[PDB]
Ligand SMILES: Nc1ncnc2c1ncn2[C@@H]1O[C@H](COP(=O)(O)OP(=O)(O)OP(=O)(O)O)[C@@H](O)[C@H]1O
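Below, in C-alpha cells: the form deposited without this ligand, a single chain.
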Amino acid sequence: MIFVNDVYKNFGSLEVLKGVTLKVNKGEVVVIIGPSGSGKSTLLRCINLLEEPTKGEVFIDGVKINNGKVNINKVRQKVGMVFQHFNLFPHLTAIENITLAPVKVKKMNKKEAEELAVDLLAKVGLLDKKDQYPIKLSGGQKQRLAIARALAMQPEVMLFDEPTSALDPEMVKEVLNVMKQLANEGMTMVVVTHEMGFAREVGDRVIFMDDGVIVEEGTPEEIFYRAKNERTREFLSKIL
C-alpha cells in the first residue's frame, strides 16, 4: 500500500532524510517518534508529496508517484493529511470547510455533500458548530473539524503530522480519541506524535527516528519496554 523506498531529502546544506524506507500495509496504525531534527515530519510528508525526495522513490498502491508521470491530485485523493496547525479555511464555515473539496474535486451533488458533512460533524461531535467559522472554534474543535474535512474525501490512508502538539493539554484527549476511533475502524494511519499513549493504545507499529534515519522499530511494547538500541533508550529515558 505505501512504500517509501530509500529516500533522501535535502533543504540546501541541511540533510533531513538520509536514506529512509517505510512500508505500511492496509489497516496498520504506524507511529513515528523521535527528537526534533529526526526527520519524522519530512518522511511523513514524502508520502503525499508535500515534499520532493532528493533521491529514492515512493510508491502508493504499487505505482511510483515521484516520476512526474502521474497525476498528483489523483494521488492525494487517496491519501489524507491532518496538520499540526490545523490549516482550516478561515473564510469558510465548518460545513463549507468539509464540502469544498468533494463538490469541487469529486464533483459531488451539493445536497449529498451536505448530508456527508453533517454525518461527519456528528461523528467528531461538532454538529452544533456546523455553520460557525473557525475563529469561533477551540483548538480541539478545530482539529476535530480538520479531521472531518479530511475524511469527507474518503481516503484509504490518513497522514497525521503532530496533530496534538499545538493543543492545550486539556484538549489533547478529544482529538486523540477521535484518532483512536478511526484506528479501531481499521483506517490505515501514519502518525507522527509526542503522545506515546496513542501508540500504546492503538498503534500497530512504532518507528524511532534519529538524525534523519530509522534507527529502530517494532511493536509498541517491544520499543517501550525492550528497546534494543542505545539511542532509542536515550530518547525514551528523556521522554517516558
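The first residue of the sequence shown is number 1, and the count goes up from there.
query = Taking the recorded C-alpha temperature factors, which stretch has the higher mean, 162-170 or 113-121?
reply = Mean CA B-factor is higher for 113-121.
**Request:** Output the stretch having the higher mean C-alpha B factor in the entry; the candidates are 72-80 and 145-153.
**Result:** Between 72-80 and 145-153, it is 72-80.
Could you tell me which one of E185, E57, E201, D204 shows the highest CA temperature factor in the PDB record?
Top of the list by C-alpha B-factor: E57.
(Q) Ranking the modelled residues of this chain by C-alpha B-factor as given in the entry, is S36 in the lowest, middle or highest third? (A) Within its chain, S36 is a middle-third residue by C-alpha B-factor, going by the deposited values.
Margin query: Considering every modelled residue of the chain and its Cα B-factor in the PDB entry, is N97 in the lowest, middle or highest third?
Written below: Ranked within chain, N97 CA B lands in the middle tercile.
Test of reading the entry: by CA B factor among the chain's modelled residues, which third contains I214? It falls in the middle third of the chain.
Chain thirds of CA B-factor: placement of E28 = Middle third, going by the recorded CA B-factors of the chain.
Exercise for the section: Sort the modelled residues of this chain by their C-alpha B factor and say whether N67 lands in the lowest, middle or highest third. Expected result: It falls in the top third of the chain.
The following text describes the form deposited with this ligand bound, which does not appear among the structures shown.
Residues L14, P35 and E162 are flagged as a possible site; in the deposited bound form, is every one of them within 4.5 Å of this ligand by some non-hydrogen atom?
Yes, each of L14, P35 and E162 comes within 4.5 Å of this ligand in the deposited bound form.
Subject >> Distance check, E51 to this ligand in the deposited bound form, heavy atom within 4.5 Å >> reply: Residue-level check for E51: yes, a contact with this ligand.
So in the deposited bound form, does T42 come within 4.5 Å of this ligand, heavy atom to heavy atom? Answer yes; at least one heavy atom of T42 falls within 4.5 Å of this ligand in the deposited bound form.
Check your understanding: Do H194 and this ligand come within 4.5 Å of each other in the deposited bound form, heavy atoms counted?
Key -> So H194 counts as contacting this ligand.
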